[PDB]
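Engineer: show me the folded form of this:
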Amino acid sequence: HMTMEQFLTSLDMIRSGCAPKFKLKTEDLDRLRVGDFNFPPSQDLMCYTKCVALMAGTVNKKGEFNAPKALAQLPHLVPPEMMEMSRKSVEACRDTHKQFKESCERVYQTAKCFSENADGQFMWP
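Structural biologist: Numbers count the residues shown, from 1 in each chain. Take a look:
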């Protein structure tokens, strides 16, 4: 498992493996970091979210969200304090990806759904 302290630091480590692949605005990343997905994303920002989810092993390369695998991965992704919120959001957003065809959009829309269904503070790497 991870502690809250390890979680908050993991956010930066995850970002470091994905951000360099894209052209991104710091203010966009700042907003996603606090779960504010309330602004139009660029293609780059959407594909950044796919890179993050791919690292997490929660989507495939087609951006299809894998709910059972996400649930299995949660202890490697969030601290105990965030487990139930995350469980609830996986359940609410498991089918979000089926409304979209393009892989980066599929992941971005699912992440946005997580942020919107989060009954507490939501943080994206």
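Engineer: would you map the helices across this structure?
Structural biologist: 4-16, 26-33, 43-56, 67-73, 83-93, 103-117 (DSSP state H).
Engineer: quick check: residue 75 touching residue 1?
Structural biologist: Yes. Counting by C-beta atoms under 8 Å, residue 1 is a contact partner of residue 75 at 5.5 Å. Yep, even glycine has a C-beta here, placed from its N, CA and C like the rest.
Engineer: leaving out sequence neighbours, find the closest residue to the residue most central in space within the chain.
Structural biologist: Central residue of the chain (C-alpha atoms, centre = their mean): residue 111, 4.7 Å from the mean position. Leaving aside its chain neighbours, residue 111 sits nearest to residue 49 (4.9 Å; criterion: C-beta to C-beta, 6 or more residues apart in numbering).
Engineer: and what of residue 70?
Structural biologist: residue 58 (4.3 Å).
Engineer: for that neighbour, grab the count of nearby residues.
Structural biologist: 22 (other C-beta atoms under 10 Å).
Engineer: same thing with residue 11?
Structural biologist: Count around residue 11 with other C-beta under 10 Å applied: 14.
Engineer: that one and residue 43, how far apart?
Structural biologist: 23 Å (C-beta to C-beta, to the nearest Å).
Engineer: repeat that for residue 52.
Structural biologist: Distance check for residue 52 against residue 43: by C-beta to C-beta, it reads 15 Å.
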